[PDB]
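Participant: Quick one, my_file23.cif (mmCIF, C-alpha atoms and all ligand atoms):
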```
data_upload
loop_
_atom_site.label_atom_id
_atom_site.label_comp_id
_atom_site.auth_asym_id
_atom_site.auth_seq_id
_atom_site.Cartn_x
_atom_site.Cartn_y
_atom_site.Cartn_z
CA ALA A 1 70.42 93.31 112.95
CA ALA A 2 70.42 90.62 110.26
CA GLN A 3 71.39 91.03 106.53
CA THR A 4 69.97 88.01 104.60
CA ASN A 5 71.98 86.70 101.60
CA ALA A 6 75.20 88.46 102.78
CA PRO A 7 78.63 87.77 101.29
CA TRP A 8 79.91 84.47 102.89
CA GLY A 9 82.69 86.43 104.73
CA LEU A 10 80.25 88.74 106.64
CA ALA A 11 77.97 85.76 107.54
CA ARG A 12 81.10 83.79 108.77
CA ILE A 13 82.35 86.61 111.14
CA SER A 14 78.91 86.55 112.88
CA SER A 15 78.90 82.70 113.03
CA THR A 16 80.26 79.84 115.19
CA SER A 17 79.69 77.70 112.04
CA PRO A 18 80.54 77.92 108.31
CA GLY A 19 77.81 77.47 105.64
CA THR A 20 75.40 80.30 106.70
CA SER A 21 74.62 83.43 104.59
CA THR A 22 73.00 85.89 107.12
CA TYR A 23 75.28 88.58 108.64
CA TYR A 24 74.24 89.34 112.27
CA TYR A 25 75.64 92.55 113.82
CA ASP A 26 74.65 95.21 116.38
CA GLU A 27 72.81 97.98 114.46
CA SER A 28 75.38 100.53 115.85
CA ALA A 29 77.52 99.06 113.00
CA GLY A 30 80.71 100.97 113.88
CA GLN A 31 79.02 104.44 113.79
CA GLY A 32 81.39 107.18 115.13
CA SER A 33 84.57 105.11 114.31
CA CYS A 34 86.93 105.69 111.33
CA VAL A 35 88.77 103.09 109.22
CA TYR A 36 91.66 104.45 107.10
CA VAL A 37 92.14 102.28 103.96
CA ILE A 38 95.84 102.69 102.94
CA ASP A 39 95.58 101.44 99.34
CA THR A 40 95.06 102.44 95.64
CA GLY A 41 92.43 104.99 96.84
CA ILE A 42 88.59 104.71 97.14
CA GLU A 43 85.83 105.43 94.61
CA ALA A 44 84.04 107.58 97.21
CA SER A 45 81.04 108.14 94.86
CA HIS A 46 80.03 104.35 94.88
CA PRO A 47 76.36 104.23 96.01
CA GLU A 48 77.51 101.49 98.45
CA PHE A 49 79.48 104.03 100.60
CA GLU A 50 76.42 106.28 101.02
CA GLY A 51 78.63 109.40 101.31
CA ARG A 52 80.55 107.80 104.25
CA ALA A 53 83.83 107.51 102.17
CA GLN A 54 86.24 110.32 101.23
CA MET A 55 89.83 110.45 99.86
CA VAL A 56 91.91 112.37 102.47
CA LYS A 57 95.43 112.02 100.91
CA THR A 58 97.25 110.85 97.75
CA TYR A 59 100.97 110.79 96.71
CA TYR A 60 100.03 110.67 92.95
CA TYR A 61 98.48 112.95 90.29
CA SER A 62 94.90 111.91 91.22
CA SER A 63 93.37 110.61 94.51
CA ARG A 64 90.93 108.54 92.35
CA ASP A 65 91.19 104.72 92.52
CA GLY A 66 92.04 103.82 88.89
CA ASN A 67 92.91 100.30 90.15
CA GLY A 68 89.96 98.88 92.14
CA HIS A 69 91.99 97.20 94.96
CA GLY A 70 91.34 99.99 97.55
CA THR A 71 87.66 100.47 96.49
CA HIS A 72 87.20 96.68 97.06
CA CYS A 73 88.95 96.74 100.50
CA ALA A 74 87.09 99.96 101.57
CA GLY A 75 83.86 98.10 100.63
CA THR A 76 84.63 95.03 102.81
CA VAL A 77 85.33 97.45 105.73
CA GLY A 78 82.20 99.64 105.57
CA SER A 79 80.06 99.40 102.39
CA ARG A 80 76.33 98.98 103.15
CA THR A 81 76.04 95.54 101.39
CA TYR A 82 79.62 94.12 101.68
CA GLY A 83 80.97 95.94 104.80
CA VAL A 84 81.44 94.68 108.40
CA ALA A 85 81.08 98.19 109.92
CA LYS A 86 78.12 99.44 107.76
CA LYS A 87 78.08 102.89 109.49
CA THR A 88 81.88 103.55 109.90
CA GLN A 89 83.67 106.56 108.27
CA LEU A 90 86.10 105.42 105.49
CA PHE A 91 89.23 107.55 104.87
CA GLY A 92 91.09 106.67 101.66
CA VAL A 93 94.91 107.13 101.70
CA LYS A 94 96.35 106.44 98.20
CA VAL A 95 99.93 105.10 98.72
CA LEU A 96 99.55 102.66 95.76
CA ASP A 97 99.42 103.84 92.10
CA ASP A 98 96.64 102.56 89.79
CA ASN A 99 98.92 99.56 88.82
CA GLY A 100 98.65 98.53 92.53
CA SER A 101 102.33 99.16 93.46
CA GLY A 102 104.09 101.90 95.49
CA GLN A 103 107.57 102.80 96.84
CA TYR A 104 108.16 101.82 100.54
CA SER A 105 109.03 105.49 101.35
CA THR A 106 105.53 106.55 100.06
CA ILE A 107 103.83 103.70 102.09
CA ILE A 108 105.70 104.87 105.26
CA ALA A 109 104.60 108.52 104.62
CA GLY A 110 100.98 107.19 104.29
CA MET A 111 101.18 105.38 107.66
CA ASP A 112 102.67 108.55 109.32
CA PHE A 113 99.93 110.63 107.55
CA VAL A 114 97.13 108.59 109.25
CA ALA A 115 98.89 108.78 112.71
CA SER A 116 98.55 112.62 112.44
CA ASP A 117 95.45 113.03 110.17
CA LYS A 118 93.24 111.23 112.81
CA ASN A 119 93.65 114.41 114.99
CA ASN A 120 91.93 116.20 112.04
CA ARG A 121 88.94 113.70 112.07
CA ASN A 122 85.81 112.95 114.19
CA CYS A 123 86.35 109.34 115.39
CA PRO A 124 85.06 109.41 118.99
CA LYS A 125 84.69 105.57 118.95
CA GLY A 126 88.31 105.12 117.73
CA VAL A 127 90.56 104.82 114.64
CA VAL A 128 91.36 101.73 112.53
CA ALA A 129 93.80 101.47 109.56
CA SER A 130 93.43 98.61 107.00
CA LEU A 131 96.76 97.86 105.20
CA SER A 132 95.94 95.38 102.39
CA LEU A 133 99.52 95.83 101.05
CA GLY A 134 102.85 94.02 101.50
CA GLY A 135 106.33 93.25 100.22
CA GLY A 136 109.71 92.00 101.51
CA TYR A 137 110.80 92.49 105.13
CA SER A 138 111.71 96.14 105.93
CA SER A 139 112.34 97.35 109.52
CA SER A 140 111.46 100.88 108.27
CA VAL A 141 108.02 99.67 107.01
CA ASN A 142 107.63 97.58 110.22
CA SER A 143 108.53 100.67 112.34
CA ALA A 144 105.94 102.80 110.44
CA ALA A 145 103.14 100.27 111.25
CA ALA A 146 104.44 100.15 114.90
CA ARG A 147 104.26 104.04 115.02
CA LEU A 148 100.69 104.09 113.57
CA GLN A 149 99.62 101.44 116.16
CA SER A 150 101.47 103.30 118.98
CA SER A 151 99.71 106.59 117.90
CA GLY A 152 96.37 104.99 118.96
CA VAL A 153 95.08 103.44 115.69
CA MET A 154 94.21 99.74 115.39
CA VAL A 155 96.49 98.54 112.55
CA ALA A 156 95.30 95.51 110.54
CA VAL A 157 97.81 94.19 107.90
CA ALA A 158 97.65 91.34 105.35
CA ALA A 159 99.96 88.38 106.15
CA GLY A 160 100.76 88.30 102.36
CA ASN A 161 99.64 85.82 99.64
CA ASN A 162 103.04 83.99 99.34
CA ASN A 163 101.90 80.78 101.19
CA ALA A 164 105.10 81.30 103.24
CA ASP A 165 105.99 82.44 106.79
CA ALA A 166 104.90 86.13 107.09
CA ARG A 167 108.11 86.74 109.22
CA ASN A 168 109.80 87.69 105.88
CA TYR A 169 107.19 90.32 104.77
CA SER A 170 106.35 93.89 105.89
CA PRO A 171 104.39 95.23 107.51
CA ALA A 172 103.05 91.68 108.08
CA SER A 173 106.18 90.84 110.25
CA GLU A 174 105.66 93.84 112.66
CA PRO A 175 104.92 92.33 116.15
CA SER A 176 102.81 95.29 117.46
CA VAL A 177 100.15 95.31 114.60
CA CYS A 178 97.27 92.89 113.78
CA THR A 179 98.58 90.43 111.09
CA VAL A 180 95.66 88.75 109.21
CA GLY A 181 95.76 85.42 107.34
CA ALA A 182 92.95 84.37 104.94
CA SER A 183 90.38 81.51 105.27
CA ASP A 184 87.92 80.21 102.60
CA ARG A 185 84.14 79.49 102.88
CA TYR A 186 84.85 75.83 103.97
CA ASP A 187 86.96 77.00 106.95
CA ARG A 188 90.24 76.01 105.19
CA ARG A 189 93.36 78.21 105.23
CA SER A 190 93.31 79.97 101.78
CA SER A 191 96.04 78.22 99.68
CA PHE A 192 97.76 81.63 99.18
CA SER A 193 97.62 82.67 102.85
CA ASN A 194 100.93 83.43 104.58
CA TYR A 195 101.24 81.85 108.05
CA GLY A 196 103.64 81.85 111.02
CA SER A 197 103.84 82.76 114.72
CA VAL A 198 103.51 86.48 113.67
CA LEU A 199 99.86 85.91 112.58
CA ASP A 200 97.30 87.13 115.19
CA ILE A 201 94.01 86.17 113.41
CA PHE A 202 92.37 84.78 110.22
CA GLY A 203 89.64 86.48 108.15
CA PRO A 204 87.47 85.38 105.22
CA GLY A 205 89.96 85.79 102.32
CA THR A 206 88.88 83.62 99.34
CA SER A 207 86.18 84.80 96.86
CA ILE A 208 85.32 88.01 98.78
CA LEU A 209 82.43 89.90 97.08
CA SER A 210 82.82 93.70 97.54
CA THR A 211 82.61 97.10 95.75
CA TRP A 212 84.66 97.94 92.64
CA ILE A 213 85.40 100.97 90.44
CA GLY A 214 82.71 102.09 87.96
CA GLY A 215 80.18 101.77 90.80
CA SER A 216 80.35 97.97 90.19
CA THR A 217 81.03 94.78 92.24
CA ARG A 218 83.31 91.70 91.85
CA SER A 219 84.84 88.84 93.88
CA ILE A 220 88.64 88.82 94.58
CA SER A 221 90.88 86.63 96.82
CA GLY A 222 93.81 87.48 99.13
CA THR A 223 94.98 88.17 102.69
CA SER A 224 94.14 91.64 101.34
CA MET A 225 90.41 90.79 101.74
CA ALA A 226 90.81 89.06 105.15
CA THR A 227 92.39 92.33 106.42
CA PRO A 228 89.42 94.72 105.65
CA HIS A 229 87.17 92.13 107.44
CA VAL A 230 89.36 92.35 110.66
CA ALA A 231 89.77 96.15 110.19
CA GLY A 232 85.96 96.48 110.04
CA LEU A 233 85.30 94.09 112.99
CA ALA A 234 87.69 96.30 115.08
CA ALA A 235 85.68 99.46 114.01
CA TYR A 236 82.42 97.64 114.99
CA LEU A 237 83.87 96.34 118.31
CA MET A 238 85.37 99.77 119.19
CA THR A 239 81.99 101.50 118.47
CA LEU A 240 80.36 98.89 120.85
CA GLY A 241 82.96 100.06 123.48
CA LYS A 242 84.01 96.33 123.71
CA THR A 243 87.71 97.08 122.94
CA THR A 244 90.12 99.95 122.12
CA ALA A 245 92.65 100.66 119.31
CA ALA A 246 95.59 99.32 121.42
CA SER A 247 93.95 96.01 122.60
CA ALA A 248 91.57 95.35 119.63
CA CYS A 249 93.82 92.65 117.98
CA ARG A 250 94.15 90.78 121.34
CA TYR A 251 90.38 91.16 121.98
CA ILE A 252 89.54 89.85 118.44
CA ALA A 253 91.93 86.84 118.99
CA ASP A 254 90.55 86.15 122.55
CA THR A 255 86.94 86.16 121.15
CA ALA A 256 87.78 84.35 117.85
CA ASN A 257 86.39 80.96 116.71
CA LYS A 258 89.24 78.61 117.85
CA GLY A 259 90.51 75.40 116.20
CA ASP A 260 87.82 75.75 113.45
CA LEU A 261 90.33 76.16 110.52
CA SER A 262 92.06 73.34 108.56
CA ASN A 263 95.55 73.35 106.93
CA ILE A 264 96.93 75.70 109.67
CA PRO A 265 100.68 75.11 110.13
CA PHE A 266 101.79 74.04 113.62
CA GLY A 267 102.73 77.24 115.53
CA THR A 268 100.27 79.41 113.59
CA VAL A 269 97.17 80.54 115.63
CA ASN A 270 93.90 78.70 114.68
CA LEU A 271 91.63 81.75 115.27
CA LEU A 272 88.90 83.08 112.93
CA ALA A 273 87.64 86.68 113.42
CA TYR A 274 84.16 86.47 115.09
CA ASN A 275 81.86 89.39 116.15
CA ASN A 276 80.46 87.17 118.97
CA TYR A 277 77.17 89.04 118.33
CA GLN A 278 74.05 87.40 119.85
CA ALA A 279 70.89 88.71 118.04
CA CA B 301 79.14 84.47 98.22
CA CA B 302 90.66 93.76 96.81
CA CA B 303 93.46 96.72 98.86
CA CA B 304 91.31 95.34 98.30
#
```
Transcribe the structure of this file into structure tokens.
Facilitator:
Amino acid sequence: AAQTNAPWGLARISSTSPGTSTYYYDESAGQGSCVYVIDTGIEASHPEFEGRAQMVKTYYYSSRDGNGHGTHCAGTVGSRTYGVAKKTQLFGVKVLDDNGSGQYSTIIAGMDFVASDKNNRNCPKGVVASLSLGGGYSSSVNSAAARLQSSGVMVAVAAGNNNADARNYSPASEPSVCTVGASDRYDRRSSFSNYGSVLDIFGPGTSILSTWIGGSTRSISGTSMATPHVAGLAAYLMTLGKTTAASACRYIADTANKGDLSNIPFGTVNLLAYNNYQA
């Protein structure tokens, strides 16, 4: 399958080369897999989600996304135009209030909620969680991401947009989960991207076009937009039976475009998420 004039990110994850704008993917498109977006919530009613998105949990007064962050990440995972896995089920878990921030205890509860809630969902192809959130190191937050992973969910987490070593952030610094840095359309490390030995993979992070609240669209930049790309790829790869929740991160890193990225610190992996799809 080929989507002409796709967002640069989608085109790049189905490319050996930068500078193309057609997304190539297997038409299965992550059907029968679920990606949990642990975020500000999802505008489920966005025509781009085609009824494939639902809010499953909130820790606030509304489950609505009054922010936009989580609607924009959800979109990069599995929206028809801006998604990697165009046929995946999106579950919205609102751990972040509409100002974009949330207590670590609430975030942990959200990660433990997904680890259980998946047993309440039809995800025969497997379960992915996209964590486009971060803060300071916390073993408790690290251990929550470890538990979600261990439970049989592929956990993808932003490295953080501090342009520092992600060893000092959570859940970015958790060894057992997929830590995602951000690249830009010219194959450069995004100036904001965290780095370090704890990074597993890079994703398109800079100027990521996706869905927004008010049934709208906009471009935004972060490791937070690299993550939904890797989250989605994992959903797509799992639906192809090409990997599992537990080994998805490895698989993605084994099959990644290697040495393609510039401004990658020594001792950080030079690996760009790649669907390795051959039309
Ligand atoms: Ca573009
Ligand atoms: Ca976003
Ligand atoms: Ca987000
Ligand atoms: Ca987002």
Participant: Once you count all atoms listed in the file, what closest atom pair and distance in Å to one decimal does each residue of region 29-136 of chain A within 8 Å of region 154-159 of chain A have, with rows by chain and rising residue number, as CSV?
Facilitator:
```
residue,atom,partner,partner_atom,distance
A:127,CA,A:154,CA,6.3
A:128,CA,A:154,CA,4.5
A:129,CA,A:155,CA,5.0
A:130,CA,A:156,CA,5.1
A:131,CA,A:157,CA,4.7
A:132,CA,A:158,CA,5.3
A:133,CA,A:158,CA,6.5
A:134,CA,A:158,CA,7.0
```
Participant: Calculated over all atoms listed in the file, which of the candidates A:277, A:49, A:212, A:8 has the smallest distance to residue 187 (chain A)?
Facilitator: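 Comparing A:277, A:49, A:212, A:8 against residue 187 (chain A), the winner is A:8.
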Participant: Please extract the residues at most 8 Å from ligand CA 301 (chain B), counting only C-alpha atoms and all ligand atoms, and provide them as a count of residues only, using the chain letters and residue numbers of this document.
Facilitator: 8
Participant: Out of A:118, A:80, A:69, A:185, which residue has the shortest atom-to-atom distance to residue 39 (chain A) when counting only C-alpha atoms?
Facilitator: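 Closest candidate: A:69.
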Participant: Grab me every residue within 8 Å of ligand CA 304 (chain B), counting all atoms listed in the file, and send it over as a tab-separated table (two decimals) with C-alpha atoms, keeping the file's coordinate frame.
Facilitator:
```
chain	number	residue	atom	x	y	z
A	39	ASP	CA	95.58	101.44	99.34
A	68	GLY	CA	89.96	98.88	92.14
A	69	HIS	CA	91.99	97.20	94.96
A	70	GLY	CA	91.34	99.99	97.55
A	71	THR	CA	87.66	100.47	96.49
A	72	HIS	CA	87.20	96.68	97.06
A	73	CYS	CA	88.95	96.74	100.50
A	74	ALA	CA	87.09	99.96	101.57
A	132	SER	CA	95.94	95.38	102.39
A	220	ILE	CA	88.64	88.82	94.58
A	224	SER	CA	94.14	91.64	101.34
A	225	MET	CA	90.41	90.79	101.74
A	228	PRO	CA	89.42	94.72	105.65
```
Participant: Which residues come within 7 Å of region 248-255 of chain A, counting only C-alpha atoms, excluding same-chain residues fewer than 4 positions away, as a list in words?
Facilitator: residues 154, 178, 200, 201, 234, 243, 244, 271, 273, 274 and 276 of chain A
Participant: Using all atoms listed in the file, give me every residue within 9 Å of (93.9, 80.0, 111.1) in file coordinates, as number ranges by chain.
Facilitator: A: 181-183, 187-189, 195, 199-203, 258-265, 268-272
Participant: Using all atoms listed in the file, which of the listed residues (A:150, A:278, A:76, A:45) sits closest to ligand CA 302 (chain B)?
Facilitator: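 For ligand CA 302 (chain B), the nearest of the given residues is A:76.
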